[PDB]
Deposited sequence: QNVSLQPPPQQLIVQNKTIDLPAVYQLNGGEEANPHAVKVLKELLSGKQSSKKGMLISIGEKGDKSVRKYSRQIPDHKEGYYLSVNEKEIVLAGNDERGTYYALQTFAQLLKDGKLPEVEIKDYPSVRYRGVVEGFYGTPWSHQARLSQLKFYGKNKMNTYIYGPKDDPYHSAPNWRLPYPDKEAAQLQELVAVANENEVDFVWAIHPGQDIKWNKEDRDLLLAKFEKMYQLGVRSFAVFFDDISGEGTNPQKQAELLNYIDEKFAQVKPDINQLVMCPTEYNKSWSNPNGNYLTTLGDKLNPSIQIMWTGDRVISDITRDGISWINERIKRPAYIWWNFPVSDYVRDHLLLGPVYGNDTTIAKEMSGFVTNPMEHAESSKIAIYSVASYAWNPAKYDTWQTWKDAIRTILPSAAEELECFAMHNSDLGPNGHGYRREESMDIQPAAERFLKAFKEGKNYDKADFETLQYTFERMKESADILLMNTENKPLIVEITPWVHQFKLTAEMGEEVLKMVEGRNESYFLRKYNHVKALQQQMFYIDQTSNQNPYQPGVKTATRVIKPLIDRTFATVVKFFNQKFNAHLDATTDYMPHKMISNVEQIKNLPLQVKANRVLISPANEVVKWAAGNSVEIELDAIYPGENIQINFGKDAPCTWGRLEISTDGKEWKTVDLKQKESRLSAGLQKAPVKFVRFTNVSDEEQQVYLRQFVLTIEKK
């Protein structure tokens, strides 16, 4: 198994022992990063001037002369060969040699190798991640982890642009990083270079940029300082701003100036990229001159970024054609998934899917905007790496599974379970949704429909729902305690607690469906308690100003549990002339459901659970009795 999958692969039935004794050829001449990976793998093995031949080099090296016709004629291409006789690792270029080895490392299992021959190369030129979300920027240790991950997955591009980094956006875009941050970024560049990733430093000046000499030189002066820190690629982002910085001509002029006086003037600059203000079709004015002014005026080597037909979308053939025709070059894709900065109570841990797999030629680049949860975001990132490199062979589900087994081999099945029920976004103003819990959706829907209606439900559907809740709890508790990937566990823990709760609630509700009056009342009271605990988690974990709290299994599982609860409570009330409360979300205040957001109490007379100092949509007057009410808390 290989990720990304090679363009061409021919395998035998045969396997070969990794050489105890071996002759290395091309060591001094090949990309040193690739030699480092190779030497890592042959540690504990003996080098010699006569032994199994291992040949490593770039096309043009003496070491790989015999194979020059075998090496694909593509940037980052390579040829790889394992047979009884020798091993070959030959890139079209230095990066190609590195990538050959990243594939070699995946072939190698328990000191054994398959007999194989591979011709490989990326279908999309630029592939990777833009850290370009709103919210807490990735930690330095997290960024270090990402860059190594990108290397292993042949992603060649990391665009640094955390919207909340004050040295990236307004107004301190004009200011050089302080010493500590500068040395961190310096180390990120070195580590990026070691793993063959272009560290692209972006800047986001358009909210308060003046179109005068002063700001122009401050911007170039900032680029110069970034250049002194080792940065060799650059971007200027004009997304999510208003005012004069939206001017397409000025933007074009500025990028051209950067290109002509900086990028075309330094010895060794690589990418120069901009993000447009009109960055998706729905935000683009068909009758305005923005995108055509940009396509016409931007120098042809400058990349232009695009998110698709909509603020969040998957890339279609009609979609990419539409933008390419306007900007006069293939779009450099900014894919807004799994970024969750607008649904911050959800984790998006589902598969990567929905992007046309036949349009490689039509895009210059493909980058994923991820979640503020760095490790969690690796599921999608690994998948994107696989998609951008070989889109024709992109396998949605198998790649998702491969990602998860890579990220957490010690508890892959458990993480699969968690992830599969943590993938939709819930309703949102962008209308973008993912499937979730699709395996159990038919059983759920049949179970529920029977019930409400008053027809008998299938025992098998009941057991499946039961099996699921059981598995959720084993998964939650094993993940909670996993020490192979702590940063991942730390990131997910609040959702994991909530996920266990949801499952326990489900179990108890299934018990309510199943024997006498008092058993039912024990179960019902247990459910109420479990709802309260969920509320507690939702009110104290992940309390950010936009979408605070912790939602999980929201698409299929929680609504099923909730609706089943209302239904059996209703029937118990008809049967025993009772008035048990059928409400499914715990709510300590009383009133058409109320919600509690941070220190606000809102209606989707109100009586709070206590006296608090009171505004209403100004009040510190004590208040217990009273569409949002804010209190002190």
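In sequence order, the gaps in C-alpha coverage of the deposited chain fall at 1-3, 518, 596-604, 618-631, 642, 646-682, 685, 693-708, 716.
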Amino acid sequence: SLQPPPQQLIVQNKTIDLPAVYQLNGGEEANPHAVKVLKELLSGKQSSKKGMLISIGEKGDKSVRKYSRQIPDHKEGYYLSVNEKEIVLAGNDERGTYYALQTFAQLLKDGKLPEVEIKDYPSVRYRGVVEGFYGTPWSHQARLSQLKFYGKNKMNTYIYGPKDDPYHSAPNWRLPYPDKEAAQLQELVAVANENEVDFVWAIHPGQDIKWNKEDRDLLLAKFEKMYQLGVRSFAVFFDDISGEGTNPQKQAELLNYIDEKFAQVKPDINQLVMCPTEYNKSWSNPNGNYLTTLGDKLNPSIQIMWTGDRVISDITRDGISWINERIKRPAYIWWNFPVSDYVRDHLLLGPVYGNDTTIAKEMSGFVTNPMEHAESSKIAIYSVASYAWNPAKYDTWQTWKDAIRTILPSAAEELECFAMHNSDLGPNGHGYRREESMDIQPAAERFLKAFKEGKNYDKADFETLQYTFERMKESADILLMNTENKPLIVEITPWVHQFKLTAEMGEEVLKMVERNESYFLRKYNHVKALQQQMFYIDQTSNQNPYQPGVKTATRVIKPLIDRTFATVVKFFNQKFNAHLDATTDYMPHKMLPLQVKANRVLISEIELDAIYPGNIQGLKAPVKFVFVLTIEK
From here on, numbers count along this sequence of modelled residues.
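Residue 51 is built in all of the other entries compared, counting only those with both neighbours built, so it is not a gap in a third. Here the stretch with the larger average CA B-factor, out of 528-536 and 153-161, is 528-536. Remark: stretch with higher mean C-alpha B factor among 399-407 and 515-523 is 515-523. You'll see in the entry that, of 477, 86, 414, 239, the Cα B factor peaks at 86. Taking the PDB entry at face value, the top CA B factor among 274, 379, 460, 254 belongs to 460.
In the PDB entry, a CA B factor belonging to the highest third of its chain's modelled residues is recorded for residue 447. Per the PDB record, residue ranking by Cα B-factor puts residue 375 in the lowest third of the chain. Sort the modelled residues of the chain by CA B factor and residue 115 lands in the highest third. The deposited CA B-factor of residue 500 belongs to the lowest third of values across its chain. Among the modelled residues of its chain, residue 471 has a C-alpha B-factor that falls in the middle third, as given in the PDB entry.
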